[PDB]
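Working notes for the structure below.
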RNA sequence: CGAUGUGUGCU
DNA sequence: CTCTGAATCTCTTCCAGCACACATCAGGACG
DNA sequence: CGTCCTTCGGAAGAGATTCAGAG
Ligand SMILES: [Mg+2]
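Residue numbers (this note's numbering), protein chains in the order written: chain Z, 85 to 1400; chain Y, 88 to 153; chain H, 897 to 1448.
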């Protein structure tokens, strides 16, 4: 089965690996982020209510007051989306927050409150979205870019290489707080650890171990184990485990029980270790001076005097041995410090430490945080608790604690956001072990070390900024809390809230502006993740590796979609089938594989669990149950591409197209060409400009349908119905009864989008495509939007192409251009320039609006009305005065230079309290009657539906159809009929009728007010009237056009038909390209496009032959069946038998110009299939058919491949790129020409060409350039005199800017002067 | 080296066009510096001719007039 | 200055002065009313901070903002930076009498001249035509002449033709690496908005016709026009300044037509028949009665300037192709025939032009290379040598040597099972055997694409070199390479790893057929690596050449 | 009658 | 010892050119 | 409205500090 709409024009499918998954909904990201953001939801995570539970309740300073949270609510926005876009407001809804105050009594911690009070208090507005997800700020639709950042949490790196040239790596443990200060570790080449907070100085963490109140013995107990010597009978034998003997050389003759095992000088093998462990002897006799090299683990004070014989962090000597021996301390504790196994770092790190107690640690910390203050006890304590123990000042989220536990191989996934000592100590233990030689550092470029934030997350962050500001203000004003008279708005201040949200959506790099020239460009402007923004790095301090792709991106990040130049590999976007973890990672589907059967499911996987498994590729020849024909197969282990066994794999690639993004998805023949030109062609397809007349491509990919659906450019039928009424502006659909509401009748009434202005000054417009009286489908498009061709997305166009040289008109990127195309007008663009005209109240009174325009030409006056505004419909030239705004003594609105157009629309916005003149009131009444007629016809056709439901009730229950229609529609209810749910349904619809009365009255009056009400403007201005122009631009030789292959080009010259080569039929080619562009710029797939489109067009020509020269359904039936079967393994699966034979007429009219052909990305066609179509066509093998010259009329030797190419046009129109300035206005600070084109600016003359002039001897030239033509007013006035005299003589005088800089240094404390 | 000769330069104005102009200004201020400018870029900046080609013959003439 | 409204376009300098005068007035009032010394001490410290921030904030470790969380700009920062005074103002100058658009070719033009838009000519030369019309009396004043040329009347174009009769023009490109990026030319008035350019200047401009822009410059005084027509005239600009290279070398298309031209096959029309003059060969070939690429016996005549510039006439009879004689009529007098007596490659025609300038001087060399370019585009358009989908001819030995290297890496893996090879041993063995296999397939496709033509001679058969289109396009040396067609026809290389070592699996597929996901993924990685290298290479080269012009 | 950012695009 | 360089430390500074478009400018707070 | 107010580099590199090493 297929859609009845798809029965109009089916696509010839190609694809050999069958699918298990369709295309999911693409705009889920923004919807889910914003919906988890705002919802009346429990449990905090995630969204607004998490921030509310964090910030609330707000209590007093134990001053018997507490403001508690209740709820929040938002009503509708005051306006629509559309007139709001016309208006220049956000589409935002009133944040109405339910809050209750409780205030206690004197000695009432738990006692009775004196007053409670609760209100749903207002606090600002936040923007609601389009159902396409986006926001509009002030008539301008901007898009929030989600930001790639790292993971918050601990990380272990080395930072090797260029550190001190010692051949020595470093090691750094790096903790990233989700909210808090930086805290990282650092060693020496001399092997001692230090710590910093927020890139500050190099001081150890053993001082903060002192600050955590740990003794030296406790620290050595933490980070080390013990080695026990004892004062004994003779020579003080050692307790020994032979694992401690591993990897050593015997200092003396290793002996036990008087038996010799290892000689002195021998290295200890594991042989003798296991032999002595068979023997199991700890106590072994040691020499007295060998222990002098050991360092004691603990302190030893004397027994009699209680005085320190020897402290810890201290090596030994025999005099100390006698001093403790004459006291007789029978325990001696040392550390196992095997210098390859356990480096002695911590003991000597303590040897560095000058501080002793917790308090000197506190003083040193309090000094090093803020230098320039005297030390203070409680201030140091509060500072230390505010470092990483304060919930106010430090936290990591659930993701942060989870990845923290992931770093520690724990079990509990959750915890707090502040630190414990155990956290820091275990991180240090891991760091010591990485210093020792166990464990592995990890790159940042692993995607699990990265994380994309959401719109709701960063919105919650800004919301939290507003919350902490307003709670500081409230706890300020609750200290100012005036009893019995304060209400829950008397301390409110939504101006930080509003200022924060407006600064965020107004001034953010991530909030940037939508690209409206392409539905695909809009959706990839949505589907865009950056490496910049707040918390983002800097491009000028980023290496290659952070820009260059990592194999974790496979199946998750498209490798061939990024901008170039200043930001490469940093604005990388999402793939097709990739999705989003709850924890900000990239879950991704995989076809589960059993022992021999692919499980038909998918399953979502993390980055790190991809290393656990081994994933089968999509082009693996299974046999109908997962029976793969080999047992060894190319897979990856941990992104480790090599051939792997069949019983090893448990997972499989879902799609052959899931590896790329949606921009690459429409690009055929990728498997033959290079990604440079592929990425460039994807960029230029993003750079595409809309045409006038839509037409489908011939090489489809199947992705076009779901992209055109998910892009909001059209009307998807939200219900399945029957077409009732069609107009060019709205289409009425009568809803079928199955999806119909039980009460409140309704029919689908959708309004189109007509000729209107894009964000990029082009023609966004919607076009109907269906017939009246027609079955439709729920979830289906209804009318073509901009650059959409009959339920499909069709950007460019396709034309008659071939490859040969012709007189250098395909020289590098030159484009041979037939006259036939500019006859056919199929690349005319329509542009809309909008201007306004403000009415500011200024000095000497304001400036007026009417046509009192003195001392001007009467032709520009006669175009105006009485009110001073040219009429709608007026084709205008350049420089034409538009609205007369005379100055009190003229600054009238005028047409800019070089532009023409036609007056199409007037919009007026006048300040409230200002009288509108006759044109404004007249067009106001015009639009009033317009919307009045709109609402009236809505009420009347809903009335038609209502009494049609009443008629459908009276089909049964005493039907009197002749006694129905005689009396009018009203009392059709109470005719002869039972007292059932028929008549009760009629009563429901009568209540609906009275509701339509009251509702229509109140909506009509509200619309009267909204049109009537004055417009909020800036202070100073009185009215602003917007102007709309109709600009048409066909083509001119010199603009920039291309195709889908990185094949940039410029139209050189429009050329007649009599220059075009033509076949033996005489049909002239349209555009001819370079042969030499093919081998060097390695994009061979355009030749495949040429052959395939040539064959498809020959098929469509035979179709149009059998169509025009008429022929029955049977022969065309045979031909179309042989066409849609077509050779190899297909999933078309259609038959000609199941057709109404008149849709076949409609689909033949759809095929008379060409054939829709689907093309997979890496399951593309083969050359034998191409030759099959050529034999199915009337077309030869190579396709290099001879042609004949339009000039000489001879056969071209070595004939050329001809065909079609679905070409592309760009928004590089040279009228907005040609700019010249003989003499214009001058800058103020230096009397110099400016730049730009709006400002009529001059060309900047840089210094590279000054050096080029220095390679010449251009003495007069350089002198007249930089002095006369830039800086000196005297030189340019005298040169002006010379030119109006014909004279050629100059005097430079002095560069003014030279004097400017000299007086600037004179403004500095510098005696710089000029001598004689 | 190529940054050494740019700093070690009589043309302090060319050094001002080069990096660490502040150090150039401090060194010239403690120098009490006065410069017959010897070159190209500073003479572009002051807006006289360059002693390069035709301008070099003019500067031959200019030295000949003094 | 005000903005649009009562607010003003601010200067942070004025805020600095405001803060300093505020602090000073408060300090002097504290001096007036006998305040203690710690208070006025901190007051003086704040004043010292304010004055030093007016001097150089940012030299201090903390710089303050006024708003927008963006630190303000001090006087030293008014001086320095790449938006500094010499940077932004004193050298880089926005200058009148100039005009920027996108350029094009217009191949019929000449090197001394250039195409130029008529409306830009109307724009850029207003006071000239003002002075000329009031010189002819047809203009009353500045106002009348200005309104008449704003009307764009019929007579102003004639006076424009008078004033742009011989006035030179110059054009700039923004990556101005070396001096030949700007040259002097003669304007040709063009209906349109683009700028037509002679093809032999483009490589010196290093500019593709993708849509790159150039701007123009107006030589105002007469002496500047003298300078440009003397020094920066493109006719004077014939060689590299870096060495003795001819910088007017033809890039791709005319040399393609000529490499097509002076080839011959063994067997075609009039093979080895006799003529006496290339006029006759031209009359045969325009009739098509003879072949283009065939041996032809002609009588030829050359000249020899071995006296004191006096050219000795002599003649002979050669057997040669057709287009060599056709160009030999275009060939001026004092030349040998041995210079044009071969397949006439890219460097061959380059050194031909070199010797032509070294011997026959400047101007006949110039106009002769011009006529070369004209007839080269002529016969290139007449030929119609396309490219085909079957130009990439693939030997059957491809998959055989694939199977060979497959068996070899299988055996080295079997040795790696028991450990007969280690990691590095298997690594080196595998990279060498894939390199050798790829080189063998390269030799296979090399011979397959270079000597495939085996045709009759009027006899049975005879081999000769291949008439493949892409092989001849590479064999011209214009575009492409043997390694690049090796990437096309054969398999491509052995791609490296992200570190700098290599990946064990090469790209064994070709560009002619489809890849997997994986080989495409790896070569994509290498391509992105190369593109980032190009961008940061430009970033390095900028500051490089900055110091290079800063040193001597 | 602007100066800063902010992204965009061509080399 | 006491200076002798050397090594090693800790703070500078800079980094291609062109065009477009858009936003924001002192605003906060109290008379 | 009007007015008054205050946390991602790689280079040298240029000293600055320490050390070793002694005499
Ligand atoms: Mg270019």
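Virtual Cβ for every residue (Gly too), placed ideally from N, Cα, C.
In the structure shown, residue 345 of chain Z falls within a strand segment according to DSSP collapsed to helix, strand and coil. Residue selection by CB proximity (closer than 5 Å to any heavy atom of ligand 1) returns H:1104, H:1106 and H:1108 in chain order. Looking at the DSSP output, residue 1310 of chain Z sits in a beta bridge with Z:1317. For the 8 Å CB-CB criterion, residue 887 of chain Z and residue 1172 of chain Z do not form a contact. Membership of residue 1173 of chain Z in the alpha helix (DSSP H) is indicated by the continuous run 1169-1192.
Across the structure, residue 289 of chain Z and residue 89 of chain Y are spaced so that their CA atoms are roughly 45 Å apart.
Of all alpha-carbon atoms in H:1359, H:1051, H:1274 and H:1343, the one lying nearest the alpha-carbon of residue 1350 of chain H is that of H:1359.
Shown here for residue 595 of chain Z: same chain residues with a beta carbon closer than 6 Å to its own, the five before and five after excluded, namely 226, 228 and 589 in chain order. With 16 or more other CB atoms across the displayed protein chains lying within 10 angstroms of its CB, residue 899 of chain Z is buried. Each residue's CA atom was taken as its position, placing residue 1339 of chain Z and residue 1443 of chain H some 17 Å apart. Shown here for residue 1204 of chain H: not one same chain residue has a beta carbon closer than 8 Å to its own, the five before and five after excluded. Shown here, residue 904 of chain Z sits in a helix according to DSSP, grouped into three states. Under the three-pair Cβ rule at 8 Å, the segment 929-948 of chain Z counts as touching the segment 974-991 of chain Z. DSSP, read as helix, strand or coil, puts residue 1437 of chain H in helix. Residue pairing by DSSP places residue 852 of chain Z opposite Z:867 in a beta bridge.
For residue 550 of chain Z, the closest alpha carbon among the candidates Z:792, Z:1352 and Z:207 is that of Z:207.
When the beta-carbon positions are compared, residue 105 of chain Y and residue 1446 of chain H come within less than 8 Å of each other.
In this structure, residue 986 of chain Z lies near residue 960 of chain Z, with their beta-carbon atoms less than 8 Å apart. The DSSP assignment places 1098-1101 and 1118-1126 as complete runs of the alpha helix (DSSP H) inside the segment 1066-1151 of chain H, in order along the chain (cut-off: 4 residues). Under the DSSP assignment, residue 456 of chain Z falls outside any beta strand (DSSP E); it carries neither an H nor an E label.
For residue 1338 of chain Z, a Cβ of chain Y is located within less than 8 Å of the residue's own Cβ.
Boundaries of the beta strand (DSSP E) around residue 268 of chain Z: 267-270. No Cβ of chain Z is located within less than 8 Å of the beta carbon of residue 1264 of chain H. Rounded to whole angstroms, the Cβ separation of residue 1093 of chain H and residue 1266 of chain H is 14 Å, and the two are not in contact under 8 Å.
Pairing residue 932 of chain Z with residue 970 of chain Z gives a Cβ-Cβ distance under 8 Å. In the structure shown, residue 740 of chain Z falls within a coil segment according to DSSP collapsed to helix, strand and coil.
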